[PDB]
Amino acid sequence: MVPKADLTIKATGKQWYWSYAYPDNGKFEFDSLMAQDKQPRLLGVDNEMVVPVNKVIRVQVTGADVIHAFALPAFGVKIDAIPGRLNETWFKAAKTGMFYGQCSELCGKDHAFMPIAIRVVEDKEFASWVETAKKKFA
């Protein structure tokens, strides 16, 4: 069962990146593309999924092209991202910081290079980030 959520984010797997939509924060969406100009190697991206600490985050998970899977080991999360299907999982981060995962379903050439990067922040910073993101992402 998915517990009562404080916020929902939709994570859509694509060849070979994730898109994150924020239905509860103004319906903006952005792509999260591997950077590696950035540490850690194979895990850093241009635009992280930002979430508030100490909140139930429902993650709706789907794919856009082929089957992917959303894996976030620090939270015990692993769920298929199947095009045509909206799956759901969740996590609650007990502390701030960076948390990383990977696509866990072989999905072609760049499967190994579509990381999930989550930045957990306090409420104040989350709200400030949302302000900026709404403008950045359109």
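Sequential numbering from 1, following the sequence displayed.
- When the mean C-alpha temperature factors of 37 to 45 and 89 to 97 are read from the deposited coordinates, 37 to 45 comes out higher.
- Of the two segments examined, 70 to 78 and 25 to 33, it is 70 to 78 that shows the higher average Cα temperature factor in the deposited entry.
- When all modelled residues of the chain are sorted by CA temperature factor, residue 55 is found within the middle third.
- Placement of the Cα temperature factor of residue 63 within the chain: lowest third of the modelled residues, per the deposited record.
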